[PDB]
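Can you keep this structure in mind? I'll have questions shortly.
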Amino acid sequence: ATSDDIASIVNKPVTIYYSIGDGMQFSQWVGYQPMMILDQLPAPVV
Amino acid sequence: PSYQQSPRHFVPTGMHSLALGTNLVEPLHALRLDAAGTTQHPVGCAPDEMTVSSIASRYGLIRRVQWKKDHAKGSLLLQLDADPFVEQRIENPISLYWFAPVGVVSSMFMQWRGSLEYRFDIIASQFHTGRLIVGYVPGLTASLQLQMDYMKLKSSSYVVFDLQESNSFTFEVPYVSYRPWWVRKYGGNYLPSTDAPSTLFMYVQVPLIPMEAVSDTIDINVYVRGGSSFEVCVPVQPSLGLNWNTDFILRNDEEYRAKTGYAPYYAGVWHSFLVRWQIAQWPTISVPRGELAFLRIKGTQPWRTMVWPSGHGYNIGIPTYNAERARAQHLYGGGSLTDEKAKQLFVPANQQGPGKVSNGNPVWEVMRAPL
Amino acid sequence: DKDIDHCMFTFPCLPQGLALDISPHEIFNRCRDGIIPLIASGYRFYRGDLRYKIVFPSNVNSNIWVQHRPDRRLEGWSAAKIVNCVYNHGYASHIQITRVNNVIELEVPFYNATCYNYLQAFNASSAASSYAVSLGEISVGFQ
Amino acid sequence: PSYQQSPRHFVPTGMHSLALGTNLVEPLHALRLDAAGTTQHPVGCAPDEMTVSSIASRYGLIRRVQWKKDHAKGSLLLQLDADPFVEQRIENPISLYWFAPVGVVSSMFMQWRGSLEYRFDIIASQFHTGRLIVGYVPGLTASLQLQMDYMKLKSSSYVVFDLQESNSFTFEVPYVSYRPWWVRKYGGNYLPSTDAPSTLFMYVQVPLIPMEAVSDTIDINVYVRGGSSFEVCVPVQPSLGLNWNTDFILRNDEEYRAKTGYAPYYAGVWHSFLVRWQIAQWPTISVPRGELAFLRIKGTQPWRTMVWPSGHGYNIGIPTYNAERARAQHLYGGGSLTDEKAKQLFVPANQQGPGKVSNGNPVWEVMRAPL
Amino acid sequence: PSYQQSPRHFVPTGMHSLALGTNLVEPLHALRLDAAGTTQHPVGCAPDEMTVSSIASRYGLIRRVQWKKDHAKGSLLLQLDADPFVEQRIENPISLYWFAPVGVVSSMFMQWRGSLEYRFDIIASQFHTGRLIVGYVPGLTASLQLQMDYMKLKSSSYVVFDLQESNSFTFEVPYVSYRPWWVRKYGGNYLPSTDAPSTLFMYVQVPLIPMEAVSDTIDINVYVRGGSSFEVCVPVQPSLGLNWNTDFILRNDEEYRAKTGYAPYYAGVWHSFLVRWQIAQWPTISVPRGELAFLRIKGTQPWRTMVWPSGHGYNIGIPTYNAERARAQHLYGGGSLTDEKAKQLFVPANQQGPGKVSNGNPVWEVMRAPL
Amino acid sequence: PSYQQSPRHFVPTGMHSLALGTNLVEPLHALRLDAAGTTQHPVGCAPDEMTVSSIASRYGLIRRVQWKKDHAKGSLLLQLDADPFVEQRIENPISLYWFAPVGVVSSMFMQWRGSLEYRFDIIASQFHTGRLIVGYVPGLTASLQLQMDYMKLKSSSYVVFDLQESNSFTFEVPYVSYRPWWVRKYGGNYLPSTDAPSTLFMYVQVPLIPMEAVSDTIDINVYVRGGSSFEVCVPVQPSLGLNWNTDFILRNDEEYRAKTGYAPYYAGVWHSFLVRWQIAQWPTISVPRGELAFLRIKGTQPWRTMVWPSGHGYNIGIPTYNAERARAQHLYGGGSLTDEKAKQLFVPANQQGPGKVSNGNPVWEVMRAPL
């Protein structure tokens, strides 16, 4: 895009996804780290 | 040859499927150089491990239970829930928790079923003699979390153990429920969506009678491993997050911000109108009848003072030299932006300067003043 | 105010890489030559096809005609670059429509009366040797 | 059944190929009623003829060579080029030419190769006795087009013929060149892109000694046919056009026109601005410093008088009642279109009339006047 | 027949893949006349040569090492790196380098591995007697590039050669590294991304004892060829460029230019506003509080003088007759473009002229003046 | 599996073919519930009839020929054309015609060929004795439509019939023409595009000699059926229309209408300008120099009075209270719409009312008045 038309596209979201696609093979096991429980997160008080 | 036979009649769609992860040929644009190329694993690089039951067959240490000499012949040691979601709290404004591997790999699914082999490793010498029930009651609610003791426990399924020359036993927690599966205890960040199906209990049936050469207190470690019949089905939003980034951001509304897609801004000009992100929007300040509002934050100069409806459907924030020109008496007092009084109070265009932008969405301060 | 017949730009077609045109273009200022003339430095001659896949911008909508012209010689290494300047009949032609897809693709063949063609940068010594460097000349013009 | 298998992943293009004319199935929209229908040829309607070598095996008459009695024993008769492109000029500001069929069907290709059998038909009685070389030198440039005679010819390949009881012979011009093919001599309308590979010559080795009952002069006709090894390869823009329409249009720039896509125009109104095609553009008149320009050609009235920049990026031509209101003194003298002087000189809107358009792009006359 | 069966359900994409260069059928629009046509190679036109190992099996001369009589029994001759990237400097503000063919064809890849046969051709008579170690130490960093001599060399792998009746030997540099491959030493124009895996050394073990009829000094030529096990894998941006065009353009910022997509410009009119490319943008001059700025470069007249914000989001450059009308005192002094003072200082529209454009993006000169 | 193989490279088109009606699978969107479903015909619902030759083998009555006693021995009875297009006129401003079924099913095609069996059914008793030629001349033009009699007929092919105890005969009209087919006589509504190939004639060879107990006059009915070799080929626009709707609309230009896509209109407001359909266009009234024009037809009130160029490229019609305010003296007299005189003559906005639209495109009356 040139400089004139890219000004309209400012503050537009660009989303990237991902996945492994059958080539991925994980190695040696390691235990999990400490976890956070999600419902314990606070509500947005209004 | 002319190909006059009438052609196909399809439907376009923009994207291949996402939840499909199985016997399904997926076409892409590989940045590999070869079309038949696949990443490979040479003779040492063939990896050892990936399977839900490969995770669910690993013990995770989940509870330290102190077991003293003078604990009586009915004292409770744990009432912990017979799900894989075992609560182990570490001592931030959010808290972090250990889990069994079967607990986390249950927390990446909706539903679970099957046995749960909890291993009690009772660390003692052969001189200590003990005895303790590991009971299991199916279906006790929160109000029935009380009224519990070993005498009402032994009605249900229970295993009495003697702590002697062998010191370790892996009890297999049954799966007893009305439902073929069982919903995740925690779910997404969502206050509805259920406690445990069943509860484990561990009471001291006969108290520790130690010899006078050894200690009065004994550690009991409680491991959790998914049973041999354990299996999970539906892949949903996980209920657990990592602690690589424990930062959390609240979203209370009393503090100020620019609207989404309008920060960062910069001081500049606009031919319809100084005032940009295309003029940056601002939230409508909740002003009742008979007040005024002006802003002071928490070009040629830093613009620490700045809200009125533009007329094009969204608010604008005009920069001022100071809070005096900003201090809203004219506009809330019935004026308009085209007033000569207003145009004198405005900053002229020459103060645009090099126009360095604001750092992100800087939180302004909403000063509310009487009119 | 160009006619509809007018080519918008013409360029000779060759695997040697262009006369490198470096407000510089930050790739040709920064990433010198890429791969294919770096390999093509290592061989005095070549013979074979080329593929092009010309990509057009978004705000254009008009139809695009593209020509191969094996009549055109290449006079010196200077003016062997893209040139901003008519449509012709018997030259090999193709129209890509911008509204369907704004990227044409091409398989430009080998039309020379030669055994092979020069692959280093060409100084135009022999007068007929200018017939034997480019595959021809591709022209892109709009309607 | 639900078809959940992931679908194809293509590339659209808008148009089928154009240069492909071979074993390639082409899909269309036939206006025939039948899908298997093909145009056919019944028992008399099967056509006789189509092939490059079907054209290249036809003689075309290409040169009349006078051959008199008193031509000496070295006089040249033709130095014509040994390509199929044989120059035969007919006596318009462009000129028309005959060609051999092998000449034209060579001119629809880039390259040619192979023999060229030129037939010399020497029209004489059996009482005339003659003798003439048909020589062939490979590779003579323009500077070597001179220095030619039969004595320097006989070094190369040559055929001496005796004009006697048989009067006709078809010499086969060899293909001798460094290159496997040979580029077309003329090409498109393009001043670069090469003369002949080789040159034929025909000298009178022994002059005509006729009997005193017959004529001193003898016609020699020169036909051209492509040889048996003749073949052409690359299909390019043809170098020859028909004479169905010998009209040609020059494109000198001193005469005036409206810009492309803006003629025909008509007198009308425009709310931003009489003045249309959407206002029709006009070329910027190359006026140096200190002049003025007005137009007179080569609504309610014919508008024979009419240039200034509109302000929207393109010029406009305002109609006037006469060349007096048009005669540019105000605007080139520093004025503008919004001037009251200018607005009085303009034609009011009521003179739009029925608004019959101009005939095409009528060439105006650029009158340049001093200021 | 009505075809009511439900049709396919695809995904469009605009372009075929680019990195794929292998067993993959690629559809195009051939400008060839034939669909089955392929460019061909007749009996002499079948070409001799293309393969990475066809390049890596060619010696390239890479180092001239002088080897004198009086070099001592430990003197260094080369410490050059045991990669294919061998530094040979030619004596422009950028410098040009020779490389081995295995060096360049390594520089068109990310990673390399395998042996590197360096050939030492020691040009001497059979009357010269010499002796020299070609050693090879795996893994010496830059700080370990010093402390090197033959006595610490002979711990590692080494080959002692006697210069006698045979004068040439090709040592095979091993590939000794922790990693299966080795990253390119230079990479793209990117200051991070690694030196050599290993280092070659060549010390004079026994010095030259020449006869008094021959010379004291001896040339040693050092060729580099990729070994038999040499192989490269990942195709990345090449680190080497040709010397057909050694021109380079810096991008310092103190000099001026028009913005991208706005040069070339021309003097013309604009109905919102003389001033075009649609008005051409200009960079915002970094003027602090209390200055002014005007431009003089490095229509009817050449416009050597010309910046203010237009009001439509981008700057404009107004042409003036001279630097006097340009010399910014009004606008930086608090004025505006709609001022009568400003409108008198502007150039009227009649000076648009024929409007010949500027040559490219002509670098203006930023004159900064006090206010 | 990753599907990296490069995909197809097609051409989209928006619509399946239309003229194709044959062995061609056509995909649609059936509103039937079943994919294999086809409309069916049970045991009585299998229909009897569809074929061009099924139509062309049906007699249609086409001519009543009176055949009196005193018709002479050369009197003409019919000169009707030997095409299937036989003229039978019924006694509206357009006229309706009977045709043979072979006539109409010829009129749905371009071309026809083959025999035409016309049946002469000569209704008489066995007491009447007659004799008449049915001749057939190939290729008589309009100027040769005269000069015809039986004596010049008998040169061509002819059949003499005796009216006796059998009273009916089906003559088979030959197909004799230069062309394999024959173009439709009438074509589309298009004044070029040919008369008959050939002409039938029927002369009374020997006149009727009736008995004095029966009548002097005899009906002869003339049927037309396509012959056994009849066949038609090219499907074109039919030359015949039904009489379900014999209404026809002329398109003379002197009457007025609103432009296409701008009727119905309604009285309303417009911010650029009472005046809508987005303002409805009106035709430019052909007014020469020195006149005026106003309209009276053939909101709050019916607007029976109403043309001037708006300035946006198209005319507008302003409503007035009466023909007095409308009666154009100001505007054709040199005024404009922004005049105070014009703005007083306009109708104010309050008269928009509920704004019921006009009925279609109501034809106004163009009153032209002198200025």
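The letters A, B, C, D, E and F name the chains in turn, as written, and every chain counts its residues from 1.
Rule of thumb we're sticking to: a residue touches a chain if its C-beta (ideal position, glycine included) is under 8 Å from a C-beta of that chain, and two chains touch if they have at least 3 such contacts.
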| item | value |
| --- | --- |
| A-E against E-F, pair bridged by the larger set of C-beta contacts | E-F |
| Repeat of interface D-E, chosen from B-F, D-F or E-F - more than half of residue-number contact pairs shared | D-F |
| Interchain centroid distance [CA atoms averaged], chain A/chain F, Å | 69 |
| Approximate Å spacing (C-alpha centroids) for the pair chain B, chain E | 48 |
| Cα-centroid distance, chain A relative to chain C, in whole angstrom | 43 |
| Length of the line joining the C-alpha centres of chain C and chain E, rounded to whole Å | 23 |
| Chain F: positions in contact with at least two other chains | 1-9, 12-13, 17, 20, 24-28 |
| Junction residues of chain C - those touching two or more other chains | 68, 92-94, 100-101, 104-105, 115 |
| Residue numbers on chain D that touch chain E, as the complex places them | 3, 7-13, 17, 19-24, 235, 272, 284, 286-289, 309-313, 331-336 |
| Residue numbers on chain D that touch chain C, as the complex places them | 11-15, 17-19, 108, 110-111, 179-184, 187-188, 190, 192-194, 234-238, 259-260, 281 |
| Residues on chain F engaged by chain E in the complex (per definition of touch) | 4-9, 25-28, 30, 32, 35, 37-38 |
| Complex interface listing, chain C residues touching chain E | 19-20, 22-24, 26, 29-35, 37-39, 41-43, 45, 47-49, 51, 53, 55, 68, 77, 92-94, 101-110, 115-116, 121 |
| Chain F - residues contacting chain B, complex | 1-7, 13, 16-17, 20, 24-28 |
